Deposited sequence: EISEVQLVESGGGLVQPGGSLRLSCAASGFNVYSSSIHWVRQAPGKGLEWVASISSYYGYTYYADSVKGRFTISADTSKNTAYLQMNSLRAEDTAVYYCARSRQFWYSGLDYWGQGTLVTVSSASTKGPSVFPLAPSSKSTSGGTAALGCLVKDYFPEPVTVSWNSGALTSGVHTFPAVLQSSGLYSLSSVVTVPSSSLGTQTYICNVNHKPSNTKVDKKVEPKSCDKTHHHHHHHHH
């Protein structure tokens, strides 16, 4: 009884992508599989649904045609084929199951896969020591910041998107070397404030 989602990653706008939800302990005929997406800092939104016992397949009005939901009952898996992704499709996509007969809410959920549809290309961060330290022009996420190499009234503002497409974060400690690790670009920075 563990639905697991996979296949989410950065895609250029207008591109394609495929999300796979593998269900363990569920029979695709006694359960209905739904895809629900949550935008960054926003409420849940229902994106698609498939019920194999009847063969029914529903989509949200905002994703008609662009999104196709299918099911491979042999592997007890559900697929969302997302084509022509606009910039408004960036979100965490969670896969949920509901009792096929007499739906009683979304019983089980997946862990959710991120999908970031942005035109910007992968880049490295720039560090400005302002004791506060700011990092700007970094994309994609995440970025790790450590004060005093992990031995330092410590606050770190969550990454905030910019219209330019790149991100920006900041860290402040009330009163060392601010080690910044940029995993998706594999970069290391160190500034002494």
Note to self: Give me the ranges of the deposited sequence that have no CA atoms here, in sequence order.
What the structure shows: 1-4, 135-147, 170-171, 195-203, 222-238
